[PDB]
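Values in this text are rule-based calculations from the coordinates and carry no lab data. Cβ placement follows ideal geometry from the backbone for every residue including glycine, while neighbour counts extend to all protein chains displayed.
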Amino acid sequence: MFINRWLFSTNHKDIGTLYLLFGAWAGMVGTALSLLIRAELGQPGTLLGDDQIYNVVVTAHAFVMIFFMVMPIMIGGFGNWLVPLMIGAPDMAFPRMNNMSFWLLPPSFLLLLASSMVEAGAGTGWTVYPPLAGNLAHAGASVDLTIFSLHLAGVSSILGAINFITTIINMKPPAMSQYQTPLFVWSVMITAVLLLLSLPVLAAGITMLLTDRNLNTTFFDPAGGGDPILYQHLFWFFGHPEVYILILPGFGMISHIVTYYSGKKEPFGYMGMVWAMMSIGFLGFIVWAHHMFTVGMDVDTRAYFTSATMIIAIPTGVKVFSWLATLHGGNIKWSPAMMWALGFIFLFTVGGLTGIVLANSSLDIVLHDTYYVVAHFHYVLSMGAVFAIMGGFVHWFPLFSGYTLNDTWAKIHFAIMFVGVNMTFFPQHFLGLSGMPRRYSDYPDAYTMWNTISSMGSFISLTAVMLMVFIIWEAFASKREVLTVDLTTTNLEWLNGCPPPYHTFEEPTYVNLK
Amino acid sequence: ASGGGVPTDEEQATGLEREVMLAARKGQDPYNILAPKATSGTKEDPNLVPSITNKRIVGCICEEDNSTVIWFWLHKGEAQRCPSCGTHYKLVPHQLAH
Amino acid sequence: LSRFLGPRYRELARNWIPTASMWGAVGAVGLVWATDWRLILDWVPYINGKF
Amino acid sequence: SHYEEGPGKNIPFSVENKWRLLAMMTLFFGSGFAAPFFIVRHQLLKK
Amino acid sequence: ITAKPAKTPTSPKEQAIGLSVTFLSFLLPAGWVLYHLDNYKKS
Amino acid sequence: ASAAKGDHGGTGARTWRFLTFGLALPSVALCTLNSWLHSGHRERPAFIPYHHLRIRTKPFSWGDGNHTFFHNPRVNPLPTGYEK
Amino acid sequence: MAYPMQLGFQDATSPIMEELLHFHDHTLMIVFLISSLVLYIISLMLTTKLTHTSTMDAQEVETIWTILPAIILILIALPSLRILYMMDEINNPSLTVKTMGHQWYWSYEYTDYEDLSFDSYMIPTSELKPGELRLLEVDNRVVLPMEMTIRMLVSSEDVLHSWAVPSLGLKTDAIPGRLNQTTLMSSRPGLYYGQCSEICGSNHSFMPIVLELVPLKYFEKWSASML
Amino acid sequence: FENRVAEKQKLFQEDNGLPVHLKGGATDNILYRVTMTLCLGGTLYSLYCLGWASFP
Amino acid sequence: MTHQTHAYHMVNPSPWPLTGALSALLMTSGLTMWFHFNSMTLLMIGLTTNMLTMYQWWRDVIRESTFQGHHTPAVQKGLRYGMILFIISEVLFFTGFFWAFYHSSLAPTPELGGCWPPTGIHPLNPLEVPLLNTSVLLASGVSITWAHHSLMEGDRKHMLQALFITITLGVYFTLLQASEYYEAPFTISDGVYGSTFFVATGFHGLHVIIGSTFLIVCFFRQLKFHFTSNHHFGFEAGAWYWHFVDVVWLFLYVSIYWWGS
Amino acid sequence: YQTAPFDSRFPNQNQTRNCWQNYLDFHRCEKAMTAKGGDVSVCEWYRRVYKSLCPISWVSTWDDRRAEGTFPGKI
Ligand code: HEA
Ligand code: HEA
Ligand SMILES: [Cu+2]
Ligand SMILES: [Cu+2]
Ligand SMILES: [Cu+2]
Ligand SMILES: [Mg+2]
Ligand SMILES: [Zn+2]
């Protein structure tokens, strides 16, 4: 019974719930790791020890938050939960395969946990670049385990990418065109395509790294004629699409949240919005090298990559401005989710603006490998991707559970986290302009002030993620059942009540062919 | 070349596959594979929404190029109208179900 | 000689295969048991008549 | 499908007793947050 | 979004309890390990 | 190096079966002969301890950890030199 | 070097670093414009009881907000690219120094004439003489002639490392088996600090760079007394 | 040859309230349990090895 | 409600995803044991449960489609998409390896002799067996097509005959390639040339074996009358995969065997 | 001679080949002036350049390779 339901599932709703549960827990581990990082940097000196134990921590932080919290939650959680409901499908195209996608995750996570236990773990950076990641500077099972964890996580994500594209394309009502599906669905259909094309190149890269250190190959070893830079190309070819794969579903949720709380029927410029994500997804494939400005490449190619990278601002701009245009004549409701949506719009703008700066190779020479880049991506990840997750979570919680959250508490939670993340990452812009490198367990005396303030902010964030856990408990402890939902005419996900039954759309949906 | 020996759908198709196969040749569509064609939608010529129960979700693409489908439950009883454009829809019992 | 060929004969051999194949396995293992064949006795955890 | 439906029934954990739940959530998120701390400890106690 | 009153309301005391517990479960284990860091760094 | 040839406008199974036995298979036969005629056994290459070859940064997970998988002693020397 | 409570870039010791400061100011001016524009529009949208929830025509305004960002990007791109080429410019150096990253120290090689080569290691915070910088002082500074175009060639003898010196606006990764080139040109004497800008193991944070720039005369006598 | 898909269609369409991976008999069941056993055991064995390798 | 009125397939709870996920764990960690603590027992168990899972998972799929009739037209169109997409991810997997190769051969490092093929490497002759392997794969392309056409025309014997010829050519290539490996005067350990060669041609080799067992499966399904002249996706896929395989070999031949040697 | 001058055939951030080429060139010229006499003329230029640009360790190992005859370049 429990087994059949929870271990042998073929239900998009239950698999989606299983994901959210996996993502939340992984989110705890990643938070703990981020605290050890700021604990180590909150006072001049060494708390843990050498850059090895420290960088092992920094590496797990990245893998956990990227592959185990953000991706599972947005794509597996919201993806599986909402997609079928938004297009009127009974389930997904491949219910069984969908389950394997999920179950591949816990093992993948185990391998990553195991890696930091055996030997001295993997202090290579999330980019696990060779020669440091090689069998000399990093002998032992650790890196190999890190590689296998990544293989599984990749197999999991492209299997799911296959499911979402097939479902989304093949399972909509016969009269509904693609230009009739909601932005969130488009958002995951496009993210699914990026995963399908980038993930395999990564697997090609790390498999080459695996043979280099166990089978005596020399793909990245100069001795045999290899090239450590070749790994950089392969990794980053996936590495960039990967960050868009991380923000796109967030773009979608934001479009849904802003529109709903503005009391609007639809988002402003729907086709412009579809065009924008498609452009973003595409340009995202031809700019990888901006991560290699100080590697010794030709000035000309270095010029190409700074330009190509900059044009991504245009489409992203039409999206920011569209969400604003959406708020326009709206009847605004200051709900928790709307608060998260507004924060995202601003904070993400700042963080992406800061990324345009780094787009310049000349300036990037002095900005690369410093805390400026740590600020850039935490703005777009800690107050971009994450803010979307929170807005979507508080907005759809009633649909998933049937129960409601205490809005006041939910608002307190935003206030605390908003202060925390800004205090944590704002100072870091300075540390980076002033020269503080990345991946250091200690720094010259001058960087003491900002690092201190920065670490204090991380404690406020800790407070907020603790409160959230409680906020979820209370919701489930009180049991206020949902009664009425607004704007369902334009929001299908809610039409079957909270929570929708195990089997929805048993009998299709009627859509006329005008 | 020359010869024979492989089964055909008409002779080897089973389950739901066969059901839609036959149903399809009689011109009927019990498993909603095709897009329902609209009527004039007037109070007197409502769109007839077949159903296997007493309510079915209707999605109304008000105007041809619309990107937003208006959704709502159509119940057993008097004809009902799309909230954004009138257009009558009336529930009807679903015949063929095997 | 061509008579052996036939639609039932294919099905027939298909049917008789388990019984006669079983005999070969029985005949083979039993023959190993009769000649007390060496190298397989290496592979048996129990019946090592060798010290 | 003998799968029960409705609030509190579409989840793999019991939500019927708020305090048993409290315990479970506490172990769940708790064990997740503590893991990194004990891993660092483990690495610090090796040689 | 409307909802029925809580089937099993959580009074302030009850909340104060769940909030305290939630905090301790996060702060204790970490605090302990962190409290003994030096002992580990010295074997 | 060709361009193309005999068009037979109607392609059914008979056409593909025709190409199989009238083109595909005959080629496999010719090339087989060709490769059976050019079967010149090259004398094992002169050994010279080049550093960019016979790489060994970690002993292989099998045997004496110094023997590559499809090791052919006749044409593959160990790092030290030819097997025997 | 960096001082306490610093906000922006370290003071430019060389001309391209000056050139960068000005470009950054330009770029930063724009990010301030846009980021404040967005914030104003947002607060504007959320401050009225007036509603208009019916349909709104897009596209029309959609050109303004697509052509504008396009013009602004050129305004940044142009200056950026110019400085970019200016860096990879045809110059003729009067000296060539090599540096080789190693797991936890850099070694320099001045070999145009004689085979001079030494190791540069960080001074343990324990053996620092008062007034010496905690994680930045090295035992053997890399001495070079001020006011002269030097050609640095960066490589490594093990894992990846990155040789950087912010005041001069330099940063070049050190990849084994590779010779990356960079032009150093200080326009003023002094001590200029930098640090390894690439994760390379346990002591990644403890393998600094200290440039000491004196006049040619003193440079050559130093060079000789060094062997 | 044969052609008895008709016999199997019937066997598998039989309303015995069995899941497809068991609808076919007793062997389905033994195969299932063997597979499940090996997987769980293996998983247990793997955890042991990791606990073992974690230590110097 | 109760009785569905959509043409889709609601698959029964299967333990297979869990079983295959556990399998991946066992094989990955098992490789880690083999590579480090010199043990294969774990790797052996993983390979085992894995075959078990694939057999059963695919057995059921056959049950649900051929015996139970759940593969309505809508369900099939979805399977087509899935296969295409899968083949795509594969095309991009091989792309990492051609990138690697071209990267190395177009800009040979001095440690190689500053040339390509590196000094000391004696490349195979494209005009010998590589040319043979090429013609074998290409012929199975025409024969698998003949098979497909017989099937649609209900010609049982011929489809079987063509599918058989196709399968043996695939095996012939496997053996031929196997011998080439054994006679090759270079190894995986011979620098970047050997790496580049053995892993690209090697992964492709693995794919020819994966494609051949697939066609074999198709062979038997046909012996058992599973396929109808009109519904045989299992074959369509096997066929698409098989072509992906010739094509990859054409690039290998031209790039590694001819150009880069 | 101050230091190796700018070389048009090696105009980018990567000088690896610059070092490599001149090391070859020198030793190739050397071998010729030897096996020809021609008053044992000498190609110093190449050595000045390669010594300036090539890190010691490379030159060393190459020399050793040339010693044991495992040097991969053709001289
Ligand atoms: C979801 C996460 C995310 C997102 C969306 C982005 C988006 C962008 N990032 Fe990225 N970035 C990261 C996460 C992300 N990044 C990470 C993880 C790293 C570090 C990885 C590592 O090396 O470890 C990184 C690193 C990184 C680098 C290299 C730094 C280095 O030297 O190491 C660069 C450089 O080009 C860069 C640029 C950009 C650009 C141009 C965008 C653009 O998408 C920004 C677009 C947004 C806007 C431009 C604002 C909105 C638009 C307007 C308001 C229009 C008007 C504005 C203008 C005309 C400018 N990023
Ligand atoms: C998803 C991406 C993500 C997120 C969200 C964060 C969040 C945090 N990270 Fe970051 N970090 C990275 C990804 C992420 N990080 C990456 C890729 C690197 C590069 C590593 C490398 O250099 O190799 C990095 C590097 C990095 C550094 C640089 C270390 C160095 O280079 O020396 C630092 C230091 O301050 C740091 C700190 C933090 C902090 C303080 C937080 C805090 O903001 C955390 C706040 C807590 C949360 C926001 C999580 C709460 C959310 C949930 C738990 C979801 C709950 C679930 C439900 C509601 C269902 N991170
Ligand atoms: Cu990028
Ligand atoms: Cu370093
Ligand atoms: Cu370093
Ligand atoms: Mg770097
Ligand atoms: Zn309507």
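I'd like to know which of A:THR408, A:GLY76, A:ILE472 lies farthest towards the positive end of the charge dipole of region A:2-514, counting +1 on Cβ of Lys and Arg and -1 on Cβ of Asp and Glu.
Of A:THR408, A:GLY76, A:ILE472, it is A:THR408.
Using a Cα-Cα cut-off of under 29 Å, which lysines could be cross-linked to G:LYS171, ignoring same-chain neighbours fewer than 8 residues away?
Once the sequence-local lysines are set aside, what remains near G:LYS171 is G:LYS98, G:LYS129, G:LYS217, G:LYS221, J:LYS51.
Farthest toward the dipole's positive end in chain B, which of B:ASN54, B:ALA97, B:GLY27, given Cβ charges of +1 (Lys, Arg) and -1 (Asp, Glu) about the Cα centre?
Farthest along the dipole direction, towards plus: B:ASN54.
Of the peptides F:38-51, A:307-320, how do they stack up when ordered by the mean number of other Cβ atoms within 10 Å, highest first? Don't skip to the answer; put the middle values down first.
Details: F:38-51: 12.6, A:307-320: 21.2.
The peptides rank, most packed first, as A:307-320, F:38-51.
When the helix-only estimate is applied to chain A (DSSP H runs of n ≥ 4, each -39,500 (n - 2.57), divided by the residue count), what is the mean residue ellipticity at 222 nm, nearest 500 deg cm²/dmol?
Details: 18 runs with 326 residues, N = 514.
So the helix-based figure for chain A works out to -21500 deg cm²/dmol.
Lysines within cross-link reach of F:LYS84: Cα-Cα under 28 Å, excluding same-chain residues under 8 positions apart?
The qualifying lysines are F:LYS58.
From the mean inverse distance of alpha carbon pairs (Kirkwood) and the Cα radius of gyration, derive Rg over Rh for chain B.
Values: Rg = 18.6 Å, Rh = 16.0 Å.
Rg/Rh for chain B comes to 1.16.
Report, as an integer, the average count of C-beta atoms from other chains found within 10 Å of each Cβ along I:138-149. Let's see the in-between values first.
Numbers: counts 4, 9, 3, 1, 10, 7, 2, 8, 12, 4, 2, 8.
The shielding value for this peptide is 6.
Taking region H:7-56 as the region of interest, what is the percent of Cα-Cα pairs per 10 angstrom bin, listed from the shortest bin to the one with the maximum distance?
Distribution as computed: 22, 30, 20, 15, 10, 3, 0 percent.
With no solvent and one point on each alpha carbon, what is the Debye value of log10 I(q)/I(0) for region I:71-261 at q = 0.18 Å⁻¹?
The computed values of log10 I(q)/I(0) come out as -1.15.
Rounded, prolate or oblate: which fits region I:10-113, taking a ≥ b ≥ c as square roots of the Cα gyration tensor eigenvalues, rounded meaning a/c under 1.5, else prolate when a/b beats b/c? Intermediate results must be reported in sequence, preceding the final value.
Details: a/c = 4.53, a/b = 1.45, b/c = 3.13.
Oblate.
How large is Rg/Rh for region A:328-402, to two decimals, with Cα atoms and a Kirkwood Rh? Mind showing how you got there, number by number?
Numbers: Rg = 16.2 Å, Rh = 13.9 Å.
Dividing the radius of gyration by the Kirkwood radius yields 1.16.
Can you put G:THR96, B:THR53, C:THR35, A:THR301 in order of Cβ neighbours within 10 angstrom, beginning with the fewest?
The fewest-first ordering by Cβ neighbours comes to C:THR35, A:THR301, B:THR53, G:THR96.
What net charge is computed for the residues neighbouring A:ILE254, neighbours being all others with C-beta under 15 Å from the C-beta of A:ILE254, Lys and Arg scored +1, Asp and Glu -1?
On the way: positive: A:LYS264, A:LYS319; negative: A:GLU266.
Taking every other residue near A:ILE254 into account, the sum is +1.
If we count other beta carbons within 10 Å of each Cβ, what is the order of I:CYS115, J:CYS19, fewest first? Before the final figure, lay out the partial values.
Values: I:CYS115 13, J:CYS19 26.
Taking fewest neighbouring Cβ atoms as first place, the list is I:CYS115, J:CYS19.
Quick one: plug the Kirkwood hydrodynamic radius of chain A (C-alpha pairs) into Stokes-Einstein at 37 °C, 0.692 mPa s, and report D in µm²/s.
138 µm²/s
Can you show me the helix-derived [θ] at 222 nm for chain D, built from DSSP H runs with n ≥ 4 at -39,500 (n - 2.57) apiece and divided by the number of residues, rounded to the nearest 500. If you can, show how the numbers build up before the last one.
Numbers: 1 runs with 27 residues, N = 47.
It lands at -20500 deg cm²/dmol.
Taking only the alpha-carbon positions of chain E and ignoring solvent, what does the Debye formula give for the base-10 log of I(q)/I(0) at q = 0.21, 0.24, 0.25, 0.32 Å⁻¹?
-0.77, -0.84, -0.86, -1.00
Once the other residues with Cβ under 14 Å from the Cβ of B:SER40 are scored (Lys, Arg +1; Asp, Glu -1), what is the net sum?
Working: positive: A:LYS514, B:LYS37, B:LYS43, B:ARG81, B:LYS90; negative: B:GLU44, B:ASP45.
After counting each charged neighbour, the total is +3.
What's the ranking of G:130-141, G:207-218, I:150-161, A:122-133 by average number of surrounding C-beta atoms within 10 Å, highest first? Intermediate results must be reported in sequence, preceding the final value.
Working: G:130-141: 15.9, G:207-218: 18.5, I:150-161: 21.4, A:122-133: 23.7.
The most tightly packed comes first, giving A:122-133, I:150-161, G:207-218, G:130-141.
Please average, across the residues of C:3-16, the number of beta carbons from any other chain that are within 10 Å of each residue's own beta carbon, and give a whole number. Present the calculation step by step, with values, prior to reporting the outcome.
Details: counts 0, 0, 0, 0, 2, 0, 0, 3, 2, 0, 0, 2, 0, 0.
So the per-residue partner count for this stretch is 1.
So what are the three principal axis dimensions of chain F from its Cα atoms, in whole Å, longest to shortest?
62, 29, 22
What is the list of residues in region G:132-161 whose amide nitrogen lies under 20 Å from a point 7 angstrom out from the Cα of G:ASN91, following Cα to Cβ?
It comes to G:142-155, nothing else.
Using a cut-off of 20 Å between alpha-carbon atoms, which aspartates and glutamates can reach A:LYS172, once sequence neighbours fewer than 8 places away in the same chain are excluded?
Partners found: A:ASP91, A:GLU266, A:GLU493, A:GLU506, A:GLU507, B:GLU17, B:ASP29, B:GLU63, B:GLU64, B:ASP65.
Checking the a/c ratio against 1.5 first, then a/b against b/c, what shape does the Cα gyration tensor give for chain J?
Working: a/c = 2.03, a/b = 1.26, b/c = 1.62.
Oblate, because a/c is 1.5 or more while a/b does not exceed b/c.
For region B:3-55 and region G:126-189, what is the separation of their Cα centres, given in Å?
What the calculation gives is 77 Å, centre to centre.
Per the Kirkwood definition applied to all pairs of different Cα atoms, how many angstroms is the hydrodynamic radius of the protein assembly as shown?
Numbers: mean 1/r = 0.0281 Å⁻¹.
With all distinct Cα pairs of the protein assembly as shown included, I get 35.5 Å.
Order by neighbour count: E:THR2, B:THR68, C:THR19, A:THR191, fewest other Cβ atoms within 10 Å first, most last.
Numbers: E:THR2 11, B:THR68 20, C:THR19 8, A:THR191 29.
Lowest to highest Cβ neighbour count: C:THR19, E:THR2, B:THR68, A:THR191.
Cα-based Rg (one decimal) and Dmax (whole number) for region A:275-431, in Å?
Gyration radius and largest Cα-Cα distance of region A:275-431: 18.2, 59 Å.
Which three extents, in whole angstrom, do the alpha-carbon atoms of chain G cover along their principal axes, largest first?
83, 43, 33
Could you state the number of Å between the C-alpha centres of region I:155-175 and region A:146-221?
Centre-to-centre distance over Cα atoms comes out at 34 Å.
Net charge around J:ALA4, counting only other residues with Cβ within less than 12 Å of its Cβ (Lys, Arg = +1; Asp, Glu = -1)?
Values: positive: G:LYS98, G:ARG151, J:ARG47, J:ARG48, J:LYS51; negative: G:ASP112, J:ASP7.
Neighbour charge sum, excluding J:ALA4 itself: +3.
Take the alpha carbon gyration tensor of region I:1-70, find the square roots of its eigenvalues, order them as a ≥ b ≥ c, and report rounded if a/c is under 1.5; if not, report prolate when a/b exceeds b/c, else oblate. Don't skip to the end; give the middle numbers.
Values: a/c = 5.50, a/b = 3.11, b/c = 1.77.
Prolate is the answer for region I:1-70, as a/c is 1.5 or above and a/b outweighs b/c.
If packing is taken as the average count of other Cβ atoms within 10 Å, what order do A:420-426, J:28-34 fall into, highest mean first? Kindly include the intermediate steps, with their values, before the conclusion.
Details: A:420-426: 20.6, J:28-34: 14.1.
Ranking the peptides A:420-426, J:28-34 by packing returns A:420-426, J:28-34.
Can you show me the helix-derived [θ] at 222 nm for chain I, built from DSSP H runs with n ≥ 4 at -39,500 (n - 2.57) apiece and divided by the number of residues, rounded to the nearest 500.
Values: 7 runs with 182 residues, N = 261.
It comes out at -25000 deg cm²/dmol, rounded to the nearest 500.
Could you tell me how far the Cα centroid of region G:208-227 sits from the Cα centroid of region A:1-71, in Å?
51 Å
Count, for each residue of A:245-254, the Cβ atoms from other chains sitting within 10 Å of its Cβ, then give me the mean as a whole number. The partial results should precede the final answer.
Values: counts 0, 0, 0, 0, 0, 0, 0, 0, 0, 0.
Other-chain Cβ atoms within 10 Å of each residue's Cβ, averaged: 0.
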